[PDB]
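Trainee: One structure coming up, written as structure tokens, with questions to follow.
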Amino acid sequence: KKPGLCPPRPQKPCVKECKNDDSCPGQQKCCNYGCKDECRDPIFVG
């Protein structure tokens with residue numbers, strides 16, 4: 001996977017943007033929020 005944590009998001013809209021982190025560009029992760037999979041910039045614990 002890619003490092004970092006997924007950021008907090010609202011649960012909707014129920015879109016699916018991605019299969020896995022590699023679906024997403026650059027450092028972005030494929031983050032699940034229930035009914036939603038969204039590409040997000042991660043939060044690094046630094």
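By convention in this document, the chains of the structure tokens carry letters A, B, ... by their order, each chain's residues are numbered from 1, and ligands are numbered from 1 in the order they are shown.
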For residue 11 of chain A, list every protein, DNA or RNA residue within 9 Å, evaluated using only C-alpha atoms, and leave out those in the same chain fewer than 6 positions away; present the list as JSON, numbers by chain.

Mentor: {"A": [32, 33, 34, 35, 36]}

Trainee: Need the shell around residue 25 of chain A: protein/DNA/RNA residues with any atom at most 12 Å away, counting only C-alpha atoms. Skip same-chain ones fewer than 2 positions apart. Format as a PyMOL selection string?

Mentor: chain A and resi 2+17-18+20-23+27-30+38-42

Trainee: What gap, in Å, lies between atom CA of residue 15 of chain A and atom CA of residue 45 of chain A?

Mentor: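 Between atom CA of residue 15 of chain A and atom CA of residue 45 of chain A the gap works out to 27.1 Å.
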
Trainee: Please identify which residues in chain A DSSP calls strand (DSSP E) from the backbone, and express them as a PyMOL selection string.

Mentor: chain A and resi 29-32+37-40

Trainee: So how many Å separate atom CA of residue 1 of chain A and atom CA of residue 14 of chain A, to one decimal?

Mentor: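 Spanning atom CA of residue 1 of chain A to atom CA of residue 14 of chain A is a straight-line distance of 22.6 Å.
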
Trainee: Have a look at A:24, A:10, A:4, A:19 and name the one nearest to residue 46 of chain A; count only C-alpha atoms.

Mentor: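 Among the listed residues, A:4 lies closest to residue 46 of chain A.
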